[PDB]
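Okay, structure first, notes after.
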Amino acid sequence: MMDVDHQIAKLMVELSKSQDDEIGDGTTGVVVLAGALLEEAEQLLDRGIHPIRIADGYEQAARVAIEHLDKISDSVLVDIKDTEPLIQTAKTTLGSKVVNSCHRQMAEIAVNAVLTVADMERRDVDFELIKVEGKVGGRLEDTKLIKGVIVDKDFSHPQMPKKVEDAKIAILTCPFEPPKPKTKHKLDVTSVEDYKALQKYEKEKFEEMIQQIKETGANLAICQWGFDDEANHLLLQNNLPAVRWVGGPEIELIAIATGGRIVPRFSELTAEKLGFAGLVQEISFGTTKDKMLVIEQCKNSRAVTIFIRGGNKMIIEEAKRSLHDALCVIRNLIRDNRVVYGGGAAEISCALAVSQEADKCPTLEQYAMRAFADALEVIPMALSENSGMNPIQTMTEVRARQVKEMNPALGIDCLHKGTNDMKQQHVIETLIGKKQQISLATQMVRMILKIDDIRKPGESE
Amino acid sequence: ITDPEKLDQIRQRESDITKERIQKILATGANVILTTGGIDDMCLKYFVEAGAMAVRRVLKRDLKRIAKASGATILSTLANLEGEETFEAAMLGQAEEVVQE
Amino acid sequence: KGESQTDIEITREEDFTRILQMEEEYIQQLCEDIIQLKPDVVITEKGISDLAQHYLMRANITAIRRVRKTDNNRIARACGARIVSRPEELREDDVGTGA
Amino acid sequence: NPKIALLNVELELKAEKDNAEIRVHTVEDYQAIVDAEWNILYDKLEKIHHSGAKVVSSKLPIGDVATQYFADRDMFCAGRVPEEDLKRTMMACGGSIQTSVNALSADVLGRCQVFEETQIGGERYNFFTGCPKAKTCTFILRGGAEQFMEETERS
Amino acid sequence: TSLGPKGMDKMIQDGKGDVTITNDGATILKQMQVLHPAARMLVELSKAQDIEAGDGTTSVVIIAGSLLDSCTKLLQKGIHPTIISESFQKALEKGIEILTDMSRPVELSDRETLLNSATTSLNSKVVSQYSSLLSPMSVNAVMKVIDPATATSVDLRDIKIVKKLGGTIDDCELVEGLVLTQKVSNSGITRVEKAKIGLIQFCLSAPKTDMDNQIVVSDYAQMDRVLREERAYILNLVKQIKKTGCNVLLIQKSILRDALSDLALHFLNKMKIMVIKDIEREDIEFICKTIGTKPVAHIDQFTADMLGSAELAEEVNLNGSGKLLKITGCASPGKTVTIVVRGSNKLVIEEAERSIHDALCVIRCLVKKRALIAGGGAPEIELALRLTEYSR
Amino acid sequence: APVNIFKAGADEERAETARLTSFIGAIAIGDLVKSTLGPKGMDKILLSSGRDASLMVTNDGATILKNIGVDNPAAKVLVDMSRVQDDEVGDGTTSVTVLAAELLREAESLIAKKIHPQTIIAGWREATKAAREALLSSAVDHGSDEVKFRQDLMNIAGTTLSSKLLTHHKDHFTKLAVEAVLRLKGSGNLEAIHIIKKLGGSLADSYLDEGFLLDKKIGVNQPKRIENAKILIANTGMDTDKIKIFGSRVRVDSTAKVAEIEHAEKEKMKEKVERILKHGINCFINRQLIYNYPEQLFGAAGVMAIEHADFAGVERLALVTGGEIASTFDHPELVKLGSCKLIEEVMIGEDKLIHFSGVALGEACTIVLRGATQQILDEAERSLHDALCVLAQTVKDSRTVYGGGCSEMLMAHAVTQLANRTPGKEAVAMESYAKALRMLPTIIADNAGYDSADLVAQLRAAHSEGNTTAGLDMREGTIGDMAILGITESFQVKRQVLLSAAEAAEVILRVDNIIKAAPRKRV
Ligand SMILES: Nc1ncnc2c1ncn2[C@@H]1O[C@H](COP(=O)(O)OP(=O)(O)O)[C@@H](O)[C@H]1O
Ligand SMILES: Nc1ncnc2c1ncn2[C@@H]1O[C@H](COP(=O)(O)OP(=O)(O)O)[C@@H](O)[C@H]1O
Ligand SMILES: Nc1ncnc2c1ncn2[C@@H]1O[C@H](COP(=O)(O)OP(=O)(O)O)[C@@H](O)[C@H]1O
Ligand SMILES: [Mg+2]
Ligand SMILES: [Mg+2]
Ligand SMILES: [Mg+2]
């Protein structure tokens, strides 16, 4: 959302966009890491090193950081009862956002929203099944995980019942009207017997479209298109509530959450194509006139809906962006069940691996690998700067403790939680999240180091 | 039309209905015909052949002052109790001399 | 084109060729009505099609095409003719003899 | 082990030749036209069915009617495919693109082994794999910038 | 300077170029368009006086302009404005008790009491020299449409005011019938005695439906069956009207199709029937209450019971701005009346229209509250002396 | 980013003018509506530069902020905060704006004290949790004994209307607000109470109608009043139907058949009205327009016809008469009709309105607001809307707290008691949270002209040792008991003032960089 007209800084926008499209957790850390590799390459440029020689030295240095990151990695997620590694992984992503008041409540929402929609046989998660809706009012603690769908209810009759206990949902895609063809007709009326046949044709058509729903045993109808006024009163006489003007992908989520089928016509309705749902009701929020749908009970649904509430639209649109990062880190655990320990613990441990292999051998790329290890320490020392500590005082203590003994999950924190052990503080990050942070920042540095000319124009006109 | 044989009977009917009115308002003795509408070039033939004066596109305020002063009746269409073309020929105006100077 | 909303629905194969023949026969109907008085010079104010020139060619008739309206009223007094607007309503007094 | 039906036909209800005027005279024949318009589209879907073609590919769009018909019969479809991709798809599976659905047989359908819709880079991609008589290939590039992948494509 | 009988009028010329002379305080403030936000609330104060009372509307600005002027010294003496708002309510509740003791209970049957009330409101306007004619006409236009001793409300929308240029203010009329500004087509008769008036909302023209209708002509004799059957259709409509017994037709103004065609006009002229076109849809309520007619929509229900009655329905050929209609006398007249306002200029008629409405609103206040006080600065002195003793 | 700026027309600031423009723009919003808080606060008059300025005086803080159009980026968060407060509870939009501004004013005092801004966020989260327990433990519930609940509802409407233009009308407008929600007898739809504003008369002349008022008067030749009638409403088309077959023409061969079709069209329109009068009704309400051909049929049968009332006008008539919409007339045994006593027409402000006097099952009301100017009627409508929305939620949540500064000192006492059990890093941020809660009775006390430095000091000394119901008495200017005077507010209103201001001050305090983009068409 910047208006930066600089082609070097425009590549940093696409770098943070590429992290969001692939993983979606380290979009902030991939820009500080790329700016750290270029700052260490500035002093290497004054010493006479070629910029491609620094870029070839960063590839031999980032390869050590990938292989060292795969040393300690284990998870015991079974998606049945061992959701405790899944909650603590989402708390690391949600801990940096403004949802720390709901740090335990909203973390359990994003865990159960993924496991109910993910295909564990293919390890594929579809985010189209997870509907993220937001409405102003209430508080952040009123955010609930609604198993089902939440749409804008548009009961055409104001005397419609606003609560269905056991809903046999009849999903249809045909408007409540006489059937209009797709071509030009220009139907001819000649005598008065043909005009009286027009009245009996539509009178029996509205009685046919209503009886074919009641013969299937349905007590709720969903329609994509509009309703006629003559069809509205026939819904109240037959005790058949129905909504009007639902969107495109909204009714696609109803047929999965209720187990029904979307029927094109009225003649193809049957008892097997009906959906099953429990508490179907509309809830008015304060003084507004929205009346969104709340689906409490279901039966083996593969589609959930998160209803985010708040005090203003600034806290809701951020929570839509904060919880989407929490939905992505659970998706990355199904793609790869290996984790690391964040809080700067993985960056200090990877900086020691490049420094150990810089002496094996220090032929040409010795200075390029030490500039990579000094730039990997910028991310944990930025956590020490934002926490009110000292960067060079705190980083020297943590890095020295990993050499004197075997290197544990040793990082830092804000309130510091007592000890600096990341295994005890439950700061868990994904392996492929930090694996793509080092891989994308190295390749973006190589495309901005291997450039020796700028051919930009002058004024606009 | 659904048959090409009935094409020329409709094309000639647009002028035969027109010439039907012009022959029953002229055979009753009318010599001066004033019209506030429009007399096209086809209808001007029936007055030159019969020797009648036809004045076209006159004012609506001038027609009322002539018909009231000469005893004529300001007629707009066909009338008089489901008649085809009657024109009520006893309600024609009179004049001593109509001369263009 | 007539002063109406005439539109023909052509369903059979013989209907389109019949309309193009009725357009030729309509010109031959009015050209046969003007040669019953045996004229020599036909003078009009509007256009003359090539099919109307074909019947006047073999009947040895000299046709003038686009004479003005003010020139037609002047030749009507010189030759003693009457300007008619209907070919099937021609009479012997409408022919300008004495020229 | 799916079969691919490469098509050049519209699977919509509104398939009109833009010159048809269906003049009706009575209300008994008026309902017969609307029932015939659904029977025209459903007859095309029965030609794709009963042939093993679980995957449908067409360069012309597919409406909401034929999308829900394949979901009930457990069949996959993909509409508005570019013509450069269907030419590569024809040489991959070894089939042929059939504009008319009446001439569908076992000699015009494709054959592959693995057909999934992955989530590479956030966007979905329907990839075909496993066909040994593949006269073509597809090299998917993954990079960190749009100008980075354009240089990788140029290289 | 625009208050009282010795006050002068004001003329406000707007940006469009329509300059009007006005003396009523509600009409002045709506045309001045004051840009100050505190002065626009005084415009809406005189607007609600025209709605509730009608005759209080320069005086509500003199009071509210002086109550705030008295608050100039009050705010420079350390008095909080909430204390001034509490004390102004106590002076208001004591002020109504002083005006109630000065009130005299009257009855609407006394015409001389209602005549002096309407003459008082006309003394400040331009029609003070015409109080011998307009003030008797203002009482008779109210006391015949209220049905007194049975209701405490009166709608002024049942009193139509027709503005016509020509003559003087002495040429005003209080015709109790219907006055229409439309012309008569055809105008060959323009007078009928013992007339029966019928309101027709049907369109006397060619047959057409709400659905799209077309005529198929595919025969030589089929063109004869189009024109001659359309003439026989409207002939059945005119003969259905003529056999009812009516002489005056009122056709509602149609927008979709043509209401009265040229073919339908010729049959109605031969039946000696006066036809009036272009009657608005918002004016049919005033017509049916005055004459007593009923709105006839379909031609099958056009019977003699839905007609009206008129002793004289003629088009009065005026010497001024054209001519109008004037129905004189009707069986069982409703609670409606029409006032014809004349004038030498277009500016005097707009002032005479506002002065008549200021005169009808005075008698409107006597229906709601049958009490009156002395005028000419009389109750303002008693409100000044009794509240001074109340303040001590 | 200022040094070697790579932006075209956009500017930004980081940690120097970011919190400077955020604290200036948010305090100036709170200091604007500071004078409108309390029962003795003045009102504002909002005006534009021209081109139909449409002046609208409002005392409620949501309507002031939604029309000013602030150019400050951080001030729009407090504008959007008061918009949600009006949409959720309908009250406290001014109280949530001053409280969110006093938190950032105390946070500006922590600039020179070199306190980390994340420590103030962690200090205010523990302060807000202690303030939720103060309101929850002091909430007074009301179950049975309904003669004390109706007296409690008059204290809610008396507290809300005291801070508005209806100052010396609490003997009348409290009964107009309590009995309006009491006649709903169900859900707070907040649309059955149709407020009609008419000029002329004082605010004491306003009243609550026992029936229902409407416009679009009864036909031309139809009766104006029918005693003991059966009301049937409708939502169907009367004339020019063009019934649901797009692409259907009348293709005939002669003009005599067109006269047979248009007579057959009017026979089907006559047969539709004949199906309506088989129910045995005397009044007819259609949402759509009624043309002249069915209007003559209702007038000949002695049936009323109210044409084109409103889209939401048939909903209020269905709740005040006890019928149904009934857009299809083919089953008279399955259509429930309304009930009334008098359908006479009344005249309010020289306008004839249809009065539905004596209706049965009347779950709808009509408030006839009469005022001196249009500016008073626009203010009294929003003042009544701020009172009916709280009573529609007080019947759903019967928990009430003692207002008038008593609830704020209870919340500030629970924070100060837990500020002494904390280390000195977060205890300074908790003391600034308690000082901002004491500013809300300080604004109320200083708006009347009282000694605000001593009255809040007497409230803090009272709440420190007992006196859980002690508050500010704005009548005499002293400290009194809130249970005796009857100054109470709803629990959900006072919770949303505390919770939304704590969340909105959390967002602005966490901003260290304001990067605004280049605007369009601004040169
Ligand atoms: N409790 C904690 N203790 C220490 N460090 C933490 C803690 N929680 C989060 N962090 C650190 O904060 C950083 C936040 O990175 P983030 O901005 O979310 O990356 P991205 O922008 O890719 O989502 C992580 O790298 C993590 O190491
Ligand atoms: N004959 C009279 N003698 C003395 N005073 C009069 C006479 N007639 C009218 N007035 C005064 O002229 C004033 C006119 O007030 P007006 O402008 O009509 O008030 P509003 O604007 O409210 O209608 C009245 O207050 C009345 O006292
Ligand atoms: N009778 C009273 N005694 C003491 N305080 C009162 C009284 N009436 C109202 N108040 C106070 O005046 C304040 C008015 O706040 P208000 O502007 O209505 O907030 P909002 O704009 O959110 O509705 C309330 O916080 C309340 O405590
Ligand atoms: Mg994060
Ligand atoms: Mg006066
Ligand atoms: Mg309030």
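Residue numbers start at 1 in each chain; chains themselves are named A, B, ... in the order of the structure tokens; ligands are numbered from 1 in the order shown.
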Skip region 242-253 of chain A itself and residues of its chain fewer than 2 positions away, then list as a PyMOL selection string all residues within 9 Å of it, counting only C-alpha atoms. chain A and resi 128-129+131+148-157+160+171+219-227+232+235+240+255-258+262+302-304
Give me the residues near residue 55 (chain B) as a PDB file with C-alpha atoms, in the first residue's frame, where near means some atom within 7 Å (using only C-alpha atoms) and where sequence neighbours in that chain fewer than 2 positions away do not count.
```
ATOM      1  CA  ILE B  33     -61.641  23.151 -50.373  1.00  0.00           C
ATOM      2  CA  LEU B  34     -59.686  24.589 -47.436  1.00  0.00           C
ATOM      3  CA  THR B  35     -57.362  22.313 -45.458  1.00  0.00           C
ATOM      4  CA  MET B  53     -59.815  25.092 -56.092  1.00  0.00           C
TER       5      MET B  53
END
```
Give me the chain E side of the contact with ligand 5, cut-off 8 Å, one line per residue showing its nearest atom pair and distance in Å at one decimal, counting only C-alpha atoms and all ligand atoms, sorted by chain and residue number, as CSV.
```
residue,atom,partner,partner_atom_place_in_ligand_line,distance
E:4,CA,ligand 5,1 (Mg),7.9
E:24,CA,ligand 5,1 (Mg),7.2
E:55,CA,ligand 5,1 (Mg),5.0
E:56,CA,ligand 5,1 (Mg),6.9
E:57,CA,ligand 5,1 (Mg),7.9
E:120,CA,ligand 5,1 (Mg),7.1
E:121,CA,ligand 5,1 (Mg),3.8
E:122,CA,ligand 5,1 (Mg),6.4
E:123,CA,ligand 5,1 (Mg),7.6
E:124,CA,ligand 5,1 (Mg),6.2
E:125,CA,ligand 5,1 (Mg),7.5
E:355,CA,ligand 5,1 (Mg),7.8
E:358,CA,ligand 5,1 (Mg),6.0
E:359,CA,ligand 5,1 (Mg),7.4
```
For the residues selected in the previous step, produce a file with N, CA, C and O atoms as a compact mmCIF listing (two decimals), in the first residue's frame.
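Saved result, out10.txt, follows:
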```txt
# COMPACT_ATOMS: atom_id res chain seq x y z
N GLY E 4 -47.72 45.66 11.72
CA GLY E 4 -48.81 46.54 12.05
C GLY E 4 -49.50 47.09 10.81
O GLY E 4 -49.05 46.87 9.68
N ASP E 24 -45.92 39.41 4.64
CA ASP E 24 -45.96 38.38 5.67
C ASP E 24 -44.55 37.96 6.04
O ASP E 24 -43.69 37.79 5.17
N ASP E 55 -51.17 33.32 11.24
CA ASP E 55 -51.18 34.78 11.36
C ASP E 55 -50.15 35.27 12.37
O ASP E 55 -50.25 36.39 12.87
N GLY E 56 -49.16 34.43 12.67
CA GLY E 56 -48.09 34.81 13.57
C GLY E 56 -46.73 34.66 12.92
O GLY E 56 -45.89 33.89 13.39
N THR E 57 -46.40 35.68 12.21
CA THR E 57 -45.20 35.36 11.67
C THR E 57 -44.29 36.34 11.43
O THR E 57 -43.26 36.01 11.26
N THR E 120 -58.91 42.43 10.83
CA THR E 120 -57.71 42.85 11.53
C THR E 120 -56.45 42.39 10.81
O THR E 120 -55.48 43.15 10.70
N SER E 121 -56.45 41.16 10.30
CA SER E 121 -55.28 40.64 9.60
C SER E 121 -55.10 41.27 8.23
O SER E 121 -53.99 41.23 7.69
N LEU E 122 -56.15 41.85 7.65
CA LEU E 122 -56.05 42.50 6.36
C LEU E 122 -55.61 43.96 6.45
O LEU E 122 -55.31 44.56 5.41
N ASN E 123 -55.57 44.54 7.65
CA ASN E 123 -55.17 45.94 7.80
C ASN E 123 -53.68 46.14 7.57
O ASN E 123 -53.27 47.26 7.23
N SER E 124 -52.87 45.10 7.74
CA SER E 124 -51.43 45.21 7.55
C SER E 124 -51.00 44.93 6.11
O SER E 124 -49.84 45.18 5.78
N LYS E 125 -51.89 44.43 5.27
CA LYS E 125 -51.55 44.02 3.92
C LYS E 125 -51.93 45.11 2.92
O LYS E 125 -52.36 46.21 3.29
N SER E 355 -52.40 37.37 1.50
CA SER E 355 -53.24 38.09 2.45
C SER E 355 -54.56 37.37 2.69
O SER E 355 -55.12 37.46 3.79
N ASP E 358 -53.67 34.59 4.99
CA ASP E 358 -53.53 35.14 6.33
C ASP E 358 -54.88 35.48 6.95
O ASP E 358 -54.98 35.57 8.18
N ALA E 359 -55.91 35.68 6.13
CA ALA E 359 -57.26 35.93 6.64
C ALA E 359 -58.02 34.65 6.93
O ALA E 359 -58.82 34.62 7.87
```
Query raised in the report: ligand 3: which residues are within 8 Å, counting only C-alpha atoms and all ligand atoms, as a PyMOL selection string?
Result: chain F and resi 36-39+59-62+82+85-86+90-97+158-164+386+403-407+440-441+444+471-475+486-487+489+493+497
_Taking only C-alpha atoms into account, find every residue of chain C that has an atom no more than 12 Å from chain E, and write it out as number ranges by chain._
C: 4-9
- Message: Give me the residues near region 55-67 of chain C as number ranges by chain, where near means some atom within 10 Å (using only C-alpha atoms) and where sequence neighbours in that chain fewer than 4 positions away do not count.
- Response: C: 27-28, 31-32, 34-35, 38-51, 71-72
Could you dump the residues just selected with C-alpha atoms as a PDB file, in the first residue's frame?
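selection31.pdb, written as the output of this step:
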```pdb
ATOM      1  CA  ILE C  27     -43.380  -1.052 -63.839  1.00  0.00           C
ATOM      2  CA  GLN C  28     -44.855  -2.798 -66.889  1.00  0.00           C
ATOM      3  CA  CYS C  31     -45.877   1.739 -68.687  1.00  0.00           C
ATOM      4  CA  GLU C  32     -48.776  -0.024 -70.422  1.00  0.00           C
ATOM      5  CA  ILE C  34     -49.328   5.528 -70.547  1.00  0.00           C
ATOM      6  CA  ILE C  35     -49.001   4.005 -74.044  1.00  0.00           C
ATOM      7  CA  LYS C  38     -49.938   6.628 -77.962  1.00  0.00           C
ATOM      8  CA  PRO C  39     -47.648   9.452 -76.759  1.00  0.00           C
ATOM      9  CA  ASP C  40     -44.271  10.553 -78.068  1.00  0.00           C
ATOM     10  CA  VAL C  41     -42.613  12.463 -75.193  1.00  0.00           C
ATOM     11  CA  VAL C  42     -42.940  11.461 -71.525  1.00  0.00           C
ATOM     12  CA  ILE C  43     -41.814  14.129 -69.043  1.00  0.00           C
ATOM     13  CA  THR C  44     -41.829  13.556 -65.278  1.00  0.00           C
ATOM     14  CA  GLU C  45     -40.448  15.220 -62.154  1.00  0.00           C
ATOM     15  CA  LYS C  46     -39.070  12.107 -60.407  1.00  0.00           C
ATOM     16  CA  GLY C  47     -36.736   9.277 -61.336  1.00  0.00           C
ATOM     17  CA  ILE C  48     -37.216   6.787 -64.162  1.00  0.00           C
ATOM     18  CA  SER C  49     -35.843   3.284 -63.644  1.00  0.00           C
ATOM     19  CA  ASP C  50     -34.082   1.259 -66.327  1.00  0.00           C
ATOM     20  CA  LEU C  51     -37.061  -1.105 -66.575  1.00  0.00           C
ATOM     21  CA  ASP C  71     -40.567  23.986 -65.548  1.00  0.00           C
ATOM     22  CA  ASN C  72     -43.436  21.473 -65.619  1.00  0.00           C
TER      23      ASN C  72
END
```
Would you pick out the contacts of residue 76 (chain D) at 10 Å or less, using only C-alpha atoms, so that residues sharing its chain but fewer than 6 positions from it are not included, and give the list as a ChimeraX atom specification?
/D:2,4,53-57,67,69-70
Got a sec: who's within 9 Å of residue 85 (chain C), counting only C-alpha atoms, leaving out chain neighbours fewer than 3 positions off, as a PyMOL selection string? (chain B and resi 41-45) or (chain C and resi 89-90)
Would you name the residues within 10 Å of ligand 2, counting only C-alpha atoms and all ligand atoms, and put them as JSON, numbers by chain? {"E": [2, 3, 4, 5, 6, 7, 23, 24, 25, 26, 27, 46, 49, 50, 53, 54, 55, 56, 57, 58, 59, 60, 61, 62, 116, 117, 118, 119, 120, 121, 122, 123, 124, 125, 128, 355, 358, 359, 361, 362, 374, 375, 376, 377, 378, 379, 380]}
Serialized selection, C-alpha atoms, as a PDB file, in the first residue's frame:
```pdb
ATOM      1  CA  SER E   2     -43.300  45.509   8.129  1.00  0.00           C
ATOM      2  CA  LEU E   3     -45.415  45.060  11.279  1.00  0.00           C
ATOM      3  CA  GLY E   4     -48.814  46.542  12.047  1.00  0.00           C
ATOM      4  CA  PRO E   5     -51.318  48.397   9.859  1.00  0.00           C
ATOM      5  CA  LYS E   6     -48.821  51.253   9.374  1.00  0.00           C
ATOM      6  CA  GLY E   7     -46.125  48.898   8.075  1.00  0.00           C
ATOM      7  CA  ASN E  23     -45.430  41.654   3.778  1.00  0.00           C
ATOM      8  CA  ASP E  24     -45.961  38.382   5.670  1.00  0.00           C
ATOM      9  CA  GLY E  25     -42.971  37.510   7.843  1.00  0.00           C
ATOM     10  CA  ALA E  26     -42.852  33.870   6.749  1.00  0.00           C
ATOM     11  CA  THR E  27     -42.572  34.719   3.042  1.00  0.00           C
ATOM     12  CA  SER E  46     -41.808  31.933  11.187  1.00  0.00           C
ATOM     13  CA  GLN E  49     -46.120  29.916  12.835  1.00  0.00           C
ATOM     14  CA  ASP E  50     -47.590  29.820   9.321  1.00  0.00           C
ATOM     15  CA  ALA E  53     -51.476  29.652  13.526  1.00  0.00           C
ATOM     16  CA  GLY E  54     -50.932  31.201  10.090  1.00  0.00           C
ATOM     17  CA  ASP E  55     -51.179  34.777  11.355  1.00  0.00           C
ATOM     18  CA  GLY E  56     -48.091  34.806  13.570  1.00  0.00           C
ATOM     19  CA  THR E  57     -45.199  35.363  11.673  1.00  0.00           C
ATOM     20  CA  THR E  58     -43.685  38.650  11.706  1.00  0.00           C
ATOM     21  CA  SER E  59     -44.382  38.910  15.449  1.00  0.00           C
ATOM     22  CA  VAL E  60     -42.476  35.704  16.264  1.00  0.00           C
ATOM     23  CA  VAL E  61     -39.281  37.321  14.958  1.00  0.00           C
ATOM     24  CA  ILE E  62     -39.820  40.543  16.937  1.00  0.00           C
ATOM     25  CA  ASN E 116     -63.782  41.818  12.872  1.00  0.00           C
ATOM     26  CA  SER E 117     -61.169  39.068  13.259  1.00  0.00           C
ATOM     27  CA  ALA E 118     -60.605  38.709   9.508  1.00  0.00           C
ATOM     28  CA  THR E 119     -60.538  42.490   8.994  1.00  0.00           C
ATOM     29  CA  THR E 120     -57.710  42.852  11.535  1.00  0.00           C
ATOM     30  CA  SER E 121     -55.282  40.638   9.600  1.00  0.00           C
ATOM     31  CA  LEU E 122     -56.048  42.504   6.356  1.00  0.00           C
ATOM     32  CA  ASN E 123     -55.172  45.937   7.795  1.00  0.00           C
ATOM     33  CA  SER E 124     -51.431  45.207   7.548  1.00  0.00           C
ATOM     34  CA  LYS E 125     -51.552  44.017   3.921  1.00  0.00           C
ATOM     35  CA  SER E 128     -56.665  47.031   3.621  1.00  0.00           C
ATOM     36  CA  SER E 355     -53.242  38.086   2.449  1.00  0.00           C
ATOM     37  CA  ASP E 358     -53.530  35.137   6.334  1.00  0.00           C
ATOM     38  CA  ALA E 359     -57.255  35.932   6.639  1.00  0.00           C
ATOM     39  CA  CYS E 361     -55.918  31.254   9.024  1.00  0.00           C
ATOM     40  CA  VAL E 362     -57.341  33.763  11.526  1.00  0.00           C
ATOM     41  CA  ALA E 374     -57.747  42.698  22.060  1.00  0.00           C
ATOM     42  CA  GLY E 375     -55.178  43.622  19.421  1.00  0.00           C
ATOM     43  CA  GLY E 376     -52.953  46.546  18.531  1.00  0.00           C
ATOM     44  CA  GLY E 377     -50.314  46.133  21.220  1.00  0.00           C
ATOM     45  CA  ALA E 378     -52.918  45.339  23.882  1.00  0.00           C
ATOM     46  CA  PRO E 379     -51.708  41.969  25.319  1.00  0.00           C
ATOM     47  CA  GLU E 380     -48.016  42.909  25.096  1.00  0.00           C
TER      48      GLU E 380
END
```
